[PDB]
Amino acid sequence: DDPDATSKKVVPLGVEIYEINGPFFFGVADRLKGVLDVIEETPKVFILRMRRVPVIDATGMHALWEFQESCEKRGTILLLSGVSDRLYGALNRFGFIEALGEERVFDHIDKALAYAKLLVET
Ligand SMILES: [Cl-]
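Residues numbered from 1 in each chain as written, not as in the entry; some residues may be left out. Heavy atoms only, no water. Residues with missing side-chain atoms left out of burial classes, pairs and counts.

In its metadata, the entry names X-ray crystallography as the structure determination method and reports 1.8500 Å as the resolution.

**Some points on the nonpolar core**
Counting residues in each nonpolar core, the largest one holds 27 residues, and the members touching the most others are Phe24, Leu48, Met50, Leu64, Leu78, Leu80 and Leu91. Every element with two or more residues in this core is listed here: α1 (26–32), β2 (45–49), α2 (58–74), β3 (77–81), α3 (85–93) and α4 (96–100). For this core, the element with the most residues is α2, which contributes five residues. Sequence-distant contacts of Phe24, defined by excluding residues within four places in its chain, comprise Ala29, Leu32, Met50, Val53, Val55, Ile56, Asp57, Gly60, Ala63 and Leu64. Membership of the second largest hydrophobic core comes to 10 residues, among which are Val15, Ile17, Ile47 and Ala116. (Core = buried A, V, L, I, M, F, W, Y, C linked by side-chain atoms within 4.5 Å. Buried < 20%, exposed > 50% of the residue type's maximum accessible area, 1.4 Å probe, protein only. Helix = DSSP H or I, 4+ residues; strand = E, 2+ residues; numbered from the N terminus. Contact = heavy atoms within 4.5 Å.)

**With respect to the pairing of β3**
In terms of residue burial, β3 counts as a mostly covered element, since four of its five residues are buried. As judged from the five bridges shared by β2 and β3, these two strands associate in the parallel manner. Counted as the bridge partner of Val45 is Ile77 from β3. After leaving β2, the chain enters α2 and then returns to the sheet as β3, a path that is right-handed. (Pairing = 2+ DSSP bridges. Right-handed = clockwise from strand over helix to strand, strands pointing away.)

**Regarding the pattern of salt bridges**
Counted under the stated rule, the structure contains nine salt bridges. Between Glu103 and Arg104 there is a salt bridge; the shortest N-O distance is 3.9 Å. Overall, the relative accessible area of 45% leaves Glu103 in the partly exposed class. Judged by relative accessible area, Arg104 falls into the partly exposed class, the value being 22%. Several salt bridges share partner residues, and in doing so they unite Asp2, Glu19, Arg51 and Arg52 into one network. (Salt bridge = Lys/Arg side-chain N within 4 Å of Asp/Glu carboxyl O.)

**Some details on the sheet that holds β2**
Taking strand neighbours across the sheet as the criterion, the three strands line up as β1-β2-β3 in an open arrangement whose pairing is parallel. Of all the strands in the sheet, just β1 (15–19) and β3 have a single pairing partner and so form its edges. On average, adjacent strands in this sheet sit at an angle of 20 degrees to one another, irrespective of strand direction. Strand contacts of helix α5 (residues 109–120): β1, β2 and β3, with the helix running at about 175 degrees to β2, the strand carrying the most contacts. (Axes fitted to C-alpha atoms, helices over the stretch in contact; angles between N-to-C directions.)

In structure tokens form, the structure reads like this:
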């Protein structure tokens, strides 16, 4: 039924994955807030799966910025996966693509996982 389900992938140890359930508005923002402060073993790489996310508002954008800042404070590398052309446009206009780095943004989980594995191997 879902060939790109995280359960169908090989996820390296030290890589955490978080899947967003839909439009990235206040509901998602409240759920993502502080996630890194509640993981005991801080991940080397954190992949935010955004295949279900076509749109993001100011509240979700604020939460994504603070999430990226918590990753930096933790030495965790944030990757975005499943980013559609529409979501990319919104993230770019917000200034997030240039702050994160283009090379950290992927259109598919397989590509993000490939880069995650490379990162852990270093
Ligand atoms: Cl994804």
